[PDB]
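Single-letter residue listing:
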Amino acid sequence: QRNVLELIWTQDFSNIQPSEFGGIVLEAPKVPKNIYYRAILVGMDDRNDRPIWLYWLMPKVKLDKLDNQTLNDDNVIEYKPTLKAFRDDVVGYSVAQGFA
Amino acid sequence: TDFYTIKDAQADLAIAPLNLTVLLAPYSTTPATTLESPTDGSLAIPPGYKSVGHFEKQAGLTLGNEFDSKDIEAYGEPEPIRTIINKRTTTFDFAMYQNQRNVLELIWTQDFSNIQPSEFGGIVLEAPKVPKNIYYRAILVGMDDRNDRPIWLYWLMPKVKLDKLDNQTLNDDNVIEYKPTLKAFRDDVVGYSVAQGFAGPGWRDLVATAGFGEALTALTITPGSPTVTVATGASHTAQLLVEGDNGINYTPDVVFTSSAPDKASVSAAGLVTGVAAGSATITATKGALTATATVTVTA
Amino acid sequence: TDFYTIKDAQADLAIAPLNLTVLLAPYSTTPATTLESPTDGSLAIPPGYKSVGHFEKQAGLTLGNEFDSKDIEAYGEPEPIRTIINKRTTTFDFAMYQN
Amino acid sequence: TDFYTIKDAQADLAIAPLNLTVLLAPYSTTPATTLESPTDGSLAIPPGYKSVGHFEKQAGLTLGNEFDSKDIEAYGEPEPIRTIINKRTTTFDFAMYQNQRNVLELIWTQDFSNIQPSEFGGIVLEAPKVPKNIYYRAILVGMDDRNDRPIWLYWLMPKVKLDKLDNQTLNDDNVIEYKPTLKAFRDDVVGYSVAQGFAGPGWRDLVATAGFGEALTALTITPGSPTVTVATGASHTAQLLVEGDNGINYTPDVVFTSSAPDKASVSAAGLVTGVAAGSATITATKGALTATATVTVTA
Amino acid sequence: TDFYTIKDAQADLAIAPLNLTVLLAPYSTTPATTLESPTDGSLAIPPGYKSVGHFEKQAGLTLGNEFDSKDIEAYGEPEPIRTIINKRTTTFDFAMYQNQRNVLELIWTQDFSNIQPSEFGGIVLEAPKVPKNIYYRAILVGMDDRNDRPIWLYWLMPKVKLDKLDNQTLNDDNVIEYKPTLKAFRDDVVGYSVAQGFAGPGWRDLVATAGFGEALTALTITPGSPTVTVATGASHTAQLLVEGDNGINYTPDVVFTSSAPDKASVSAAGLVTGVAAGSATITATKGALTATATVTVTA
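Numbers attached to residues count from 1 within each chain as its sequence is written and can disagree with those in the entry; no residue without coordinates is shown. Throughout, the order in which chains and ligands are written sets their labels, letters from A for the former and numbers from 1 for the latter. Here we see some chains out of a larger assembly; the values all refer to those chains and nothing more. Hydrogens and water are ignored here; the side-chain numbers use all heavy atoms of the structure.

Looking at the entry header, you'll see cryo-EM listed as the method and 2.97 Å as the resolution.

Here it is in structure tokens:
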């Protein structure tokens with residue numbers, strides 16, 4: 001999907017218009033773009049129908065590195081990014097852990 | 001909101017490159033801007049691109065992305081405030097099986113167009129005295145065929161060069177394979193080093209879910225009052241186009257029907273042929289959406 | 001043409017080794033190209049081949065053929081694009097009685 | 001609706017291969033698309049397919065199907081989000097009795113067409129230095145004759161190769177048996193590896209019950225109203241053809257009767273002969289269904 | 001309290017699937033939530049579910065359940081502190097006999113609805129190039145007829161896929177048998193993979209003993225005091241419906257009797273008819289329990 005591909009390519013693809021039959025082409029930028037995102041990593045543990053939601057809030061995340069992709073005729077294509085957290089001045093922290 | 005709704009995961013967006021192929025072209029060949037045929041959205045390879053044939057299955061094709069990064073840290077901060085990606089190197093490697101001329105030229109960094117076979121067909125390929133820096137244009141196109149609606153996902157690299165070559169071992173039970181690594185450079189004419197693209201009826205189905213453009217909600221049709229002729233001639237047939245609100249032609253996806261086949265007989269592709277004078281209704285439906293057109297037929 | 005004619009079965013082509021013998025020769029013996037006497041077509045064993053005598057009936061003589069092969073698999077092909085058969089190993093065993 | 005009606009079991013759809021036949025052809029033979037003769041629906045084997053003869057009874061013929069697949073597993077999902085099946089490997093094994101050229105060629109992976117018998121008929125077959133990859137075309141046709149109506153059920157494998165060979169045990173009270181396993185591969189020209197087919201008058205009876213096509217409801221005479229001549233010639237006789245609504249020719253199944261045999265005498269096969277000038281009604285009746293056709297006989 | 005009372009065994013709760021049938025539907029069919037008809041409690045199969053016919057008696061139908069779980073082990077604790085069970089894989093296998101369309105489609109993993117019989121009825125089922133992931137809806141329903149009061153015991157699997165195929169041996173004294181294994185997957189819409197259900201008059205007798213709901217203690221006639229008319233019309237007859245404290249409709253089980261048949265004649269099903277004006281007492285008695293209701297018949 002578009003947000004995954006935007007993260008992978010460090011490019012904004014909001015202006016990408018599909019062709020007459022749906023095809024799209026996502027060129028990589030001439031210079032990689034330093035784009036920051038906000039990340040919510042939320043996990044659910046279902047115990048006795050009383051779930052526990054444990055989450056990590058990272059207000060500022062950037063693509064630090066991207067793992068090599070191997071194309072195998074028996075596996076789907078996976079994109080494996082590593083995202084580094086930075087301290088956000090507005091919220092005052094880089095990573096927070098919470099429960100609900 | 002429940003966890004499944006928040007996740008909103010789609011399995012259809014997972015694309016498996018069931019059949020992949022690599023096409024190389026000389027640097028003089030005009031680069032491929034897209035692999036989608038303008039007339040019908042089929043797979044269209046530009047002339048000059050030639051496939052490298054079969055390659056190893058277990059090795060697969062590996063795409064490597066390498067980031068050079070620099071940490072910017074401030075005097076009043078303990079952690080680095082920013083990071084800068086100075087460059088992003090793209091490479092891809094695979095193990096070709098066939099011993100054809102373009103494969104051998106890539107392996108030996110030599111142009112073997114002037115190599116003339118001997119009287120009995122034997123050829124001799126000499127490695128150049130100094131290795132030659134040759135650039136090619138690469139197309140890595142893979143097909144995932146699902147429900148007879150294939151998705152063609154491809155990588156276009158307008159400028160690739162042989163970076164390294166893996167050691168080859170001869171075994172009396174294995175064919176000889178050549179395993180090159182090709183590094184992608186930025187082409188000035190096209191302005192990019194690597195591009196990724198999607199095409200096919202499956203991708204036409206999945207664009208809205210993927211989030212490119214806008215979701216298909218209105219099924220508009222070509223001008224709905226076409227005049228057709230019963231007698232054979234220029235105006236004995238008329239072609240109809242079915243478009244969505246997002247500027248995507250859905251004619252192959254929709255189903256063409258005629259309420260009055262006597263007046264205008266409609267084909268699957270969307271061609272109405274005048275058979276008897278009067279008026280006919282042509283309906284193209286897709287899921288809940290539909291489009292209608294009133295065709296006039298004249299003797 | 002009916003099913004019987006299509007099958008064209010011929011029981012006379014089924015051969016039962018009612019009697020059997022194994023003849024062993026030293027490696028210096030000239031190998032037997034054929035067991036057919038050129039003079040009259042009768043059974044002719046070359047000199048140097050000596051029978052091992054009786055062997056067990058219930059055990060019989062068992063022949064076994066094994067293949068070792070490697071399949072060259074290419075991307076996108078469910079079936080191998082080439083099969084390299086290195087050899088076909090043949091063995092046979094029996095239970096000799098005589099000392 | 002009771003349990004018996006819900007089950008709706010039909011023992012007539014259970015088919016027992018009372019007789020079986022294995023026909024092998026060289027890879028250069030044109031593959032068999034179908035075993036049904038276009039002229040009359042009888043069993044027709046294409047030229048080049050030669051039967052292997054008798055095979056062992058107790059072992060029978062064993063068919064084996066294996067699926068290889070990889071499951072893509074996503075986080076939090078107990079079941080795979082996508083199963084990628086690569087191929088369906090099909091094999092069949094049987095124990096041949098006859099020491100024929102084709103059987104010996106199959107078991108020794110060698111062409112013995114150049115082998116010449118000696119002055120007294122003796123032959124010597126040598127195993128090749130390296131076993132050869134020889135492909136064949138296989139037909140596995142079985143007959144189940146019920147009430148003088150046969151059902152031929154067959155498997156067509158356009159490309160079969162010797163996979164493994166079972167041990168041969170020589171016993172002073174048994175014949176030589178060759179037990180090969182044959183693996184089926186995909187033939188690109190015909191586009192399949194295995195095809196299962198049915199044919200025969202019994203299958204013609206059982207098609208609608210089996211659920212292919214549509215149930216027979218009425219019989220229509222395609223010639224309609226033919227004209228014959230009392231004088232001998234091309235127009236002396238006419239051949240009738242009857243077809244159901246489902247598109248099946250029921251000429252062998254129907255019974256041809258003539259109301260006026262003096263004018264147009266009808267035969268069992270459906271030939272009307274111009275005995276005398278006039279008009280005759282041929283009434284072909286199959287079960288409850290029937291069809292009437294008028295035949296005009298002129299001098 | 002002795003050992004026999006403590007055991008409290010009830011052989012009547014042992015149900016034997018004396019007959020059994022497997023019904024398969026395409027994945028587009030609406031899944032069966034239950035097999036009990038709301039109108040009268042009889043066996044009701046939703047449309048689209050087609051039975052596969054006979055299958056081998058000796059093989060039977062085998063149901064297999066497997067658990068995958070991970071144990072979290074803490075220092076000093078011999079037993080896991082938490083067992084995480086990922087899923088419960090359910091499979092079922094059986095050896096079907098009939099050579100019908102849905103059976104063949106299941107075994108070959110291909111839709112054969114487009115297959116047209118030839119001129120003489122012959123069909124050829126070409127195997128797909130790549131096996132397809134085709135899901136079905138399965139109902140495994142068996143009947144135990146016990147003193148003309150049957151118990152229907154069924155398994156509902158809204159999503160079943162072919163998992164493996166057993167070897168297929170052809171013997172000149174046996175019919176063709178297809179032995180597939182079908183694995184059940186969770187269906188999101190219905191929210192389950194396997195559901196076991198019971199129904200029938202015998203199960204209605206056995207519910208309270210089995211321990212679902214509450215034991216029946218008294219019978220209550222819901223219509224209470226109805227009014228019918230001597231004249232023919234809508235009010236000529238009335239239908240009575242008796243329930244219990246547990247909420248079970250015992251109308252088929254009870255016996256309808258009228259103290260005054262001259263006024264309101266009662267039938268076995270529970271229909272009172274206005275024969276003559278007056279009052280009649282309908283006394284429905286089941287075992288020891290009984291319920292009396294007055295019916296007023298007006299002119």
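The rest of the description comes next.
Outline the interface of chain E and chain D, supporting the account with residue identities and numerical values.
In this assembly, 57 residues from chain E lie in contact with 64 residues from chain D. With both chains or domains summed, chain E and chain D bury close to 5300 Å², and 57% of this area falls on carbon and sulfur atoms. The term buried area refers to how much accessible surface (probe radius 1.4 Å) is lost by two components on association, counted for both of them together. The largest per-residue losses of area from chain E upon contact with chain D belong to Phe120, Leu170 and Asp172 of chain E, which jointly make up 15% of the total buried on that side. We define a salt bridge as a contact between a side-chain nitrogen of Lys or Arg and a carboxyl oxygen of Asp or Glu at a distance within 4 Å. Applying the counting criterion to the chain E and chain D interface returns one salt bridge. Among the ionic pairs, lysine 57 of chain D bridges to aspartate 172 of chain E, the shortest N-O distance being 2.9 Å. Any two residues having at least one pair of non-hydrogen atoms within 4.5 Å are treated as being in contact.

Account for empty space enclosed by the protein, naming residues and giving values.
Space inside and on the surface of the protein is sampled on a 1 Å grid over the protein atoms alone, with a cavity defined as a set of points where a 1.4 Å probe fits but cannot get out and a pocket as an open set with protein on both sides within 12 Å along at least 5 of 7 lines; lining residues have an atom within 4 Å of a point. Grid points are joined across faces, edges and corners, and a volume is the space filled by probe spheres set on the points. Under the defined criterion, the tally for this structure stands at four cavities of 30 Å³ or more. Quantified by volume, the largest cavity comes out at close to 90 Å³. Helix and strand labels come from DSSP, where a helix needs a run of H or I of at least four residues and a strand needs a run of E of at least two; each type is numbered from the N terminus. Put simply, the parts of the chain that give the lining of the largest cavity at least two residues each are β3 (61–72) of chain D together with α2 (101–108) of chain E. With three residues, β3 of chain D is the largest single contributor of residues to the lining of the largest cavity.

Any details on the side chain of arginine 82 of chain D? Residues and values, ideally.
Structurally, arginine 82 of chain D is set in strand β4 (residues 82–93). The rule is simple: take the accessible area with a 1.4 Å probe, protein chains only, and divide by the maximum for that residue type; under 20% is buried, over 50% is exposed, in between is partly exposed. The buried category is assigned to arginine 82 of chain D, whose relative accessible area is 15%. A polar contact is formed between the side chain of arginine 82 of chain D and the side chain of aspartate 144 of chain B, at a distance of 2.6 Å. Polar contacts, as counted here, are pairs of nitrogen or oxygen atoms within 3.5 Å of one another; within protein the pair requires one atom able to donate a hydrogen and one able to accept it, and residues that are adjacent in sequence qualify only if both atoms are side-chain atoms.

Which residues make up a nonpolar patch on the surface, and what values do they have?
All names here are of chain A. A surface patch of nonpolar side chains, amounting to about 370 Å² of accessible area, comprises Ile40, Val42, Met44 and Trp53. Here the nonpolar patch takes three residues from strand β2 (residues 36–45), the largest share from any one element. Note that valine 42 resides in strand β2. The partly exposed category is assigned to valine 42, whose relative accessible area is 35%. Think of a patch as exposed residues, more than 30% relative accessible area, with no salt bridge, where like charges cluster within 9 Å and nonpolar side chains (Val, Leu, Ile, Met, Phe, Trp, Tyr) cluster within 5 Å. Where accessible areas are quoted, they stem from the Shrake-Rupley method and a 1.4 Å probe; at the residue level, only the protein chains shown are allowed to cover.

Tell me about the arrangement of the chains, and please be specific about residues and values.
Inter-chain contacts occur across nine pairs of chains; the most extensive set of contacts lies between chains D and E. Nothing in chain C touches chain E; the tightest C-alpha to C-alpha distance between them is still 9 Å.

Can you break down the relation of the copies chain E and chain D residue by residue, with the values?
When chain E is fitted to chain D, the best match, at an RMSD of 0.1 Å, comes from turning it 60 degrees and sliding it 0.0 Å along the axis. The operation mapping one copy onto its partner corresponds to a six-fold rotation axis. Identified as the residue of chain E closest to the rotation axis by C-alpha distance is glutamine 58 of chain E, at 20 Å. The fraction of interface residues of chain E whose copies in chain D are also interface residues is only 7%, indicating that the copies meet through different surfaces. The copies are aligned by least squares, using only their C-alpha atoms.

Could you give me a rundown of α2 of chain E, with the residues and numbers involved?
All names here are of chain E. Taken across its eight residues, α2 has seven buried, putting it largely inside the fold. Taken together, the buried positions of α2 are occupied by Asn102, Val103, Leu104, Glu105, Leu106, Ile107 and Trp108. Just downstream of α2 lies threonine 109, where phi reads positive at about 50 degrees.

Any details on the sheet that holds strand β16 (residues 264–266) of chain E? Residues and values, ideally.
All names here are of chain E. In this description, strands pair whenever DSSP reports at least two bridges between them. What the three strands build is an open sheet, ordered β13-β17-β16; its pairing is antiparallel. Looking along the sheet, the strands with just one partner apiece sit at the ends: β13 (237–239) and β16. The average angle at which neighbouring strand axes cross in this sheet is 20 degrees, direction not considered. Looking at chain direction, β13 and strand β17 (residues 271–274) are connected through three bridges and run antiparallel. Each residue of the ladder has a partner; that of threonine 237, found in β17, is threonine 273. Angles shown run from 0 to 180 degrees and are taken between the N-to-C directions of axes, each axis being a line fitted to C-alpha atoms and, for helices, limited to the stretch in contact.

Please set out the pairing of strand β5 (residues 136–144) of chain B residue by residue, giving values where relevant.
Residues and elements named next belong to chain B. With eight of its nine residues buried, β5 lies for the most part within the structure. Note: strand β1 (residues 19–26) against β5, eight bridges, orientation antiparallel. Its bridge partner lying in β5, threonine 21 is registered against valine 141. The pairing of β5 with strand β6 (residues 151–165) spans eight bridges and is classified as antiparallel.

Account for the environment of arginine 87 of chain A, naming residues and giving values.
Relative to the helices and strands, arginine 87 of chain A resides in the loop between β5 (81–85) and β6 (96–99). Judged by its relative accessible area of 39%, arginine 87 of chain A is partly exposed. When the C-alpha positions of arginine 87 of chain A and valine 61 of chain A are compared, they lie 9.0 Å apart, and in sequence the two are 26 residues distant. In this view, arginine 87 of chain A contacts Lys60, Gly92, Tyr93 and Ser94 of chain A together with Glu77 of chain B; residues no more than four positions away in its chain are not counted. Reaching out from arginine 87 of chain A, the side chain makes a polar contact with the side chain of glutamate 77 of chain B at a distance of 3.1 Å.

Break down the side chain of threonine 89 of chain B for me, citing the residues and quoting the values.
All names here are of chain B. Here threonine 89 lies in strand β4 (residues 80–93). Judged by relative accessible area, which is 19%, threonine 89 ranks as buried. Discounting chain neighbours no more than four positions away, the residues touching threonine 89 are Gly64, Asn65, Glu66 and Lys183.

How would you summarise the packing of aromatic side chains if you had to cite specific residues and measurements?
Whether two aromatic rings pair depends on their centres lying within 6.5 Å, for rings of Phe, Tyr and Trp, where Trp uses its six-membered ring; planes under 30 degrees apart make the pair stacked, over 60 edge-to-face, and the rest tilted. Inspection of the entire model under this criterion finds 22 aromatic pairs over all chains. For the pair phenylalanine 92 of chain D and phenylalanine 94 of chain D, a centre-to-centre distance of 5.8 Å together with 10 degrees between the ring planes defines the contact as stacked. Here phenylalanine 92 of chain D falls in the buried class, since its relative accessible area comes to 0%. Residue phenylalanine 94 of chain D is classed as buried on the basis of its relative accessible area, which comes to 2%. An aromatic cluster of three or more residues is present, and its members are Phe55, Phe92 and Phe94 of chain B together with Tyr75 of chain C. Any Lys NZ or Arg CZ that is within 6 Å of a ring centre and within 35 degrees of that ring's normal is treated as a charge sitting over the ring. Looking at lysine 159 of chain B, its charged tip hangs above the ring of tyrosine 135 of chain B, at a distance of 4.6 Å from the centre.

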